[PDB]
Amino acid sequence: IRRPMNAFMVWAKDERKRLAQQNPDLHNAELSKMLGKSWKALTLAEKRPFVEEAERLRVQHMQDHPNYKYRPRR
DNA sequence: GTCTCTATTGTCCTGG
DNA sequence: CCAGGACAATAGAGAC
């Protein structure tokens, strides 16, 4: 079972694809640095619809898998 | 040609 | 309790 996407991941999910099109040149690491930078520049109001999407997902996740404990490793 | 790393934020879990 | 990890998506770039 894979963890549900947080706000960033949801926004990033598309934006990276976006950034990769406008910049096929740039490596992915760099894409990650840029997404990071412009997330922080995104206002909370701006981020809202994404938080809201990340929640629909978290809820939906809850339905699909009731017995899910997040289990990391070491 | 086939693995591993990369770098980000947010959210959860777990060793002192 | 709390500071430091895990792992969510992602696909091309280096290593061998």
# chains A, B, ... in the order shown; residues from 1 in each chain; ligands from 1

$ select_by_dssp --residues "chain A" --states "alpha helix (DSSP H)" --output "JSON, numbers by chain"
{"A": [7, 8, 9, 10, 11, 12, 13, 14, 15, 16, 17, 18, 19, 20, 21, 22, 28, 29, 30, 31, 32, 33, 34, 35, 36, 37, 38, 39, 40, 41, 44, 45, 46, 47, 48, 49, 50, 51, 52, 53, 54, 55, 56, 57, 58, 59, 60, 61, 62, 63, 64]}

$ closest_atom_pairs --of "chain A" --to "chain C" --cutoff "6 Å" --atoms "only C-alpha atoms (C1' of nucleotides)" --output "JSON lines"
{"residue": "A:3", "atom": "CA", "partner": "C:8", "partner_atom": "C1'", "distance": 5.3}
{"residue": "A:5", "atom": "CA", "partner": "C:8", "partner_atom": "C1'", "distance": 5.4}
{"residue": "A:72", "atom": "CA", "partner": "C:6", "partner_atom": "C1'", "distance": 5.5}

$ write_last_selection --atoms "N, CA, C and O atoms" --output "short mmCIF file (atom, residue, chain, number, x, y, z; two decimals), in the first residue's frame"
data_model
loop_
_atom_site.label_atom_id
_atom_site.label_comp_id
_atom_site.auth_asym_id
_atom_site.auth_seq_id
_atom_site.Cartn_x
_atom_site.Cartn_y
_atom_site.Cartn_z
N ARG A 3 1.59 5.24 0.64
CA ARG A 3 1.14 6.47 1.33
C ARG A 3 0.38 7.38 0.37
O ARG A 3 0.65 7.34 -0.86
N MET A 5 -0.80 11.10 -1.21
CA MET A 5 0.02 12.27 -1.57
C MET A 5 -0.32 13.45 -0.73
O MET A 5 -1.50 13.69 -0.46
N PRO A 72 7.11 2.12 7.99
CA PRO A 72 8.43 2.44 7.45
C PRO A 72 9.45 1.34 7.73
O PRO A 72 9.06 0.24 8.14
#

$ interface_residues --of "chain B" --to "chain A" --cutoff "9 Å" --atoms "only C-alpha atoms (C1' of nucleotides)" --output "VMD selection string"
chain B and resid 6 to 13

$ atom_distance --atom1 "atom CA of residue 68 of chain A" --atom2 "atom CA of residue 50 of chain A"
23.3 Å

$ atom_distance --atom1 "atom CA of residue 43 of chain A" --atom2 "atom CA of residue 62 of chain A"
28.4 Å
